[PDB]
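Structural overview for review
What follows is the residue order along each chain.
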Amino acid sequence: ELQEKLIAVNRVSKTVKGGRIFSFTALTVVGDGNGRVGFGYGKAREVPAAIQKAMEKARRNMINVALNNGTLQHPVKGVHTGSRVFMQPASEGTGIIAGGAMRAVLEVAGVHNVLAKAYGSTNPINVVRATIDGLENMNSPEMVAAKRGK
RNA sequence: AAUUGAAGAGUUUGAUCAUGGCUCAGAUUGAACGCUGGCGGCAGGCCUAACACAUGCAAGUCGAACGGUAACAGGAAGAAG
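Residues numbered from 1 in each chain as written, not as in the entry; some residues may be left out. Chains lettered and ligands numbered in written order. Part of a larger assembly, values for the part shown. Heavy atoms only, no water.

Let us look at the sheet that holds strand β5 (residues 37–40). Whenever strands of a sheet pair, they do so through backbone hydrogen bonds, lying parallel or antiparallel. Reading across the sheet, the four strands line up as β1-β4-β5-β7 and stay open at both edges, with antiparallel pairing between neighbours. Of all strands in the sheet, those with a lone pairing partner are β1 (4–6) and β7 (62–63), marking the two edges. (Pairing = 2+ DSSP bridges. Helix = DSSP H or I, 4+ residues; strand = E, 2+ residues; numbered from the N terminus.)

Turning next to the protein's contact with RNA strand B. Around RNA strand B, the structure places 26 residues, and the nearest of them are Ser-13, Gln-88, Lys-117, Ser-121 and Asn-126. Of all RNA strand B atoms lying within 4 Å of any protein atom, the proportion belonging to sugar or phosphate reaches 53%. Backbone polar atom of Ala-118 to a phosphate oxygen of RNA strand B: 3.2 Å apart, as the coordinates give it. For RNA strand B, a phosphate oxygen lies 3.1 Å from a polar atom in the side chain of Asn-126. At the level of secondary structure, the elements contributing two or more residues to the surface near RNA strand B comprise β2 (10–13), β10 (118–120) and α3 (124–127). Counting residues per element, the surface near RNA strand B draws most heavily on β2, which supplies three residues. Counted by class, the surface near RNA strand B contains 10 nonpolar, 11 polar and five charged residues. (Near = heavy atom within 4 Å. Polar contact = N/O pair within 3.5 Å; in protein donor to acceptor, adjacent residues only side chain to side chain. Nonpolar A, V, L, I, M, F, W, Y, C, P; charged D, E, K, R; others polar.)

Here strand β4 (residues 28–31) shows a buried face lined by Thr-28 and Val-30 and a second buried face lined by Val-29 and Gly-31. The pairing of β1 with β4 spans three bridges and is classified as antiparallel. Counted as the bridge partner of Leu-6 is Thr-28 from β4. Where β4 lies against β5, four bridges are found, and the strand directions are antiparallel. Paired with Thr-28 across the strands is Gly-40, a residue of β5. (Buried < 20%, exposed > 50% of the residue type's maximum accessible area, 1.4 Å probe, protein only.)

Taking 1.5 Å per residue, 13 residues should reach 18 Å; helix α1 (residues 47–59) reaches 18 Å between its end C-alpha atoms and fits that length. Buried within α1 are the following residues: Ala-50, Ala-54, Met-55 and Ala-58. All buried residues of α1 fall inside an arc of 130° around its axis, so they share one side. Residues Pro-48 and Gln-52 are exposed on α1 and point more than 90 degrees away from its buried face. Its buried side turned inward, α1 meets β1, β3 (22–25), β4, β5, β6 (43–44) and β7. Just downstream of α1, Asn-61 is the residue with a positive phi angle, here 55°. (Expected span 1.5 Å × (residues − 1). Arc of directions from axis to C-beta. Contact = heavy atoms within 4.5 Å.)

Here it is, written out as structure tokens:
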């Protein structure tokens, strides 16, 4: 019931004294399938150590999302660095139809059938960060009615 | 009951993030070309030279408008084997 999946692995470099030194970065997202989404970055010298650090950071640093029946509630826009992201609840608008690196976080998030369209930059490290910010500041009808009295 | 509706990716760098262009994945067509080709249904078929046109048809009808008889088939009368 952990439901982990990796989005992006890259080879970064460092350029020391004698030549270059190549390191690998993972970027994974875990989530239970009912709210509870996390992402982790993690970087290491080989690929399986990178993904393992990424999973291990992603299992902690996990955020609650106030889902609807199987989906979002109201249309929400989350931004991070250069990466602007729209989402629309699509009240059984079948299938998760999101961009790459947004399909994954929305998939393990437990949502099933939203409509997305990322704008701006679509770097995978910043398009999540713009989905969680997004799903984090999406509030439910029992939270809005809690705030404003009824 | 009559709008249930939205996906990205590759490429600037030793690597990064951003900006930014180029390019790809889709659908479409009065299409052409290449390879191949069994049947049917429904549609479509000179986008260019509003260039030049052989030949055949594409606008005739009415005698219940009229003088009339060129034919065709009868009618009447005459003459002949």
